[PDB]
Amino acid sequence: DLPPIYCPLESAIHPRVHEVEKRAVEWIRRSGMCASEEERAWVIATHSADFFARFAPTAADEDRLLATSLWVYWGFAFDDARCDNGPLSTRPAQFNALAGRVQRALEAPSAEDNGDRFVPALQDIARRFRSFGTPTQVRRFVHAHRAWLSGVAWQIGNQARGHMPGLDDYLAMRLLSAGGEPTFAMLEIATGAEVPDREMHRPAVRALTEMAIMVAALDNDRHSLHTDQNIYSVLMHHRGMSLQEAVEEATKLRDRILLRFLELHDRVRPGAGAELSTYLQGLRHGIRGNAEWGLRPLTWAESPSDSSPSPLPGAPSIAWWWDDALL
């Protein structure tokens, strides 16, 4: 019993998606990233190029769309083999060092793989980003990437302990561990449109970005549907709901965040410069694209399941999203 997804946002897909996907599938075979044929097939079947082509559906340079799509594949592969499943998945001490080595390899081209098959793959993606984006944009990606790995470390930490975070911590963690920071920070790299520091770091824009990430993360928890750390288990544990009531509750929260995204967007967009405007539409396309890609004649909710204009109850760390003085 899943409600349709409320997502009155623009759905589009890059016209060169099949071409980029073909190049991606090839890179995957050359990359050394995958141990077996079965693993490669799994990685390919993510259709990560279909995915990221929905985030940057008018990217002028197919190579930029390719590079960024590769990291989406990389991310799914690294996630499935190192974060979500293998020995490190409940071994935070070992993961902290992996995260340190992997993150260092991203920042330091001279780093060596130390027998890790994921590292040369990542260093190649990074090499592509450094040839395309400005050092400022690469730093934004780099910082977003460490942010994601910090979320995963937090999550693997939780898993080791069997700790089910509360709502506030879960959203804070999941904001990072679902991969949205580094995903959305590639928008600029894909489109070529650099957002100036003064605009990019405006509290309002920081908030729209976090909100986009949060809706996408929560649509992913949906798509996933426990001991597993997800919105449904969090609400089941912390509020004693049945699965059905948690399903309904999660959809309200998520819809409420999306309405705030839409209201703040409408306030911010008119005065936005062109680079920021493009970034903002990327946030919209990504929210929609993430939902739709998870689904794939589709059906969508015409109305939000909840329309309260105030901060989400029990989630203080996101309440500043509704603070227009601060934004």
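The first residue of the sequence shown is number 1, and the count goes up from there.
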Problem - Unresolved deposited residues in the interval that joins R30 and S31 - result: none
Fill in the blank from the handout: Here the number of deposited-sequence residues unresolved in the coordinates between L243 and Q244 is none
Practice task
Higher average CA B factor in the deposited record is what I'm after, so tell me if that's 65-73 or 298-306.
Solution key: 298-306
Exercise for the section: Higher average CA B factor in the deposited record is what I'm after, so tell me if that's 181-189 or 232-240. Expected result: 232-240
Exercise for the section: Please work out which residue in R101, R254, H226, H143 has the highest C-alpha B-factor recorded for this crystal structure. Expected result: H226
Handout entry: Residue of maximum C-alpha B factor among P135, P203, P165, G115, per deposited coordinates
Key = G115
Handout entry: Chain thirds of CA B-factor: placement of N158
Key = middle
Handout entry: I318 by Cα B-factor - lowest, middle or highest third of the modelled chain
Key = lowest
Exercise for the section: Could you look up the Cα B-factor of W293 in the entry and say which third of the chain it sits in: lowest, middle or highest? Expected result: highest
Exercise for the section: Check where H265 lands among this chain's C-alpha B-factors and tell me if it's the lowest, middle or highest third. Expected result: middle
Exercise for the section: Divide the modelled residues of the chain into thirds by Cα B-factor and specify which third, lowest, middle or highest, holds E210. Expected result: lowest
